[PDB]
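Here's the structure, in structure tokens; my notes come after.
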């Protein structure tokens, strides 16, 4: 026969939202676990998040089934709700992995860092700029490999056969949900972002992977925005200089002076990594997790 919705076994809730709800689903025949994202239509109409939904859907249609990102297998809907059957990341968020031992070692940071950089590289290649990058939306699959979700704030480009879609991201607004610590300075200021924005966020992420806390972590958001706009971040006493230089050339106010992806690839910290041997990036045995 064929495959349909009735072949599924819905289980635990993987986390609700302000307009969405992720529920664990399991194929009764194959055993393959998925993550069904249930969105209430009236909730996205009342707040006009249809553009977010379409940007996410479009990004998922762009980014096909690769290892670095969550993939949308199929979709279905009734009259009140819309359903997104996605990938299931067994090992939760990257933030939880970081908060496991507070910090991470240099080897693991290089590993998962190469993974993340590869993912971002792929996204930028397929004309997708996530803009909103943070350890909250970086998950880990069953075999301990990173993935990227929440493509609602993404940006599209090439206009090859599908056109470009860039909508402003007012961080200081009320519609913005998040901590806004991993937000690029230009994105905070002029409500728009480019490729080096995800690079900035990447720098914040690896900095957090070593130190244990975001580079621009503050009490409120005034001091946060102040730290972002004044570049007020200081490395810890015992901090790897090799990574320190990388952060210093990544976390830069001017996006033009900011280090690009291939430059990060050709860094002294990533000389131990070949980004063409992507069997070593993904299928490698994850190093002993620890601080």
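To match Swiss-Prot, the residue numbers of chain A are left as they are there, and the shown ones run 233-523.
Here the Cβ of each residue, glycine as well, is placed from N, Cα and C on the backbone.
Features as listed in Swiss-Prot:
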- 240-502: domain 'Protein kinase' (DOMAIN)
- 250, 251, 252, 269, 319, 320, 321, 325, 368, 382: ATP binding site (BINDING)
- 271-316: region 'PIF-pocket' (REGION)
- 364: active site, proton acceptor (ACT_SITE)
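Neighbour density at the Cβ, taken as the number of other Cβ atoms within 10 Å, is lowest among the binding-site residues 250, 252 for 250. Residue 368 (ATP binding site) falls within a helix when secondary structure is assigned with DSSP. The two recorded residues residue 364 (active site, proton acceptor) and residue 321 (ATP binding site) have their Cα atoms spaced 19 Å from each other. Helix, strand and coil residue tallies for the region 'PIF-pocket' (271-316), in that order: 19 helix, 11 strand, 16 coil [DSSP]. Residues 250, 251, 252, 269, 319, 320, 321, 325, 368, 382, recorded as binding ATP, reach a greatest CA to CA spacing of 21 Å.
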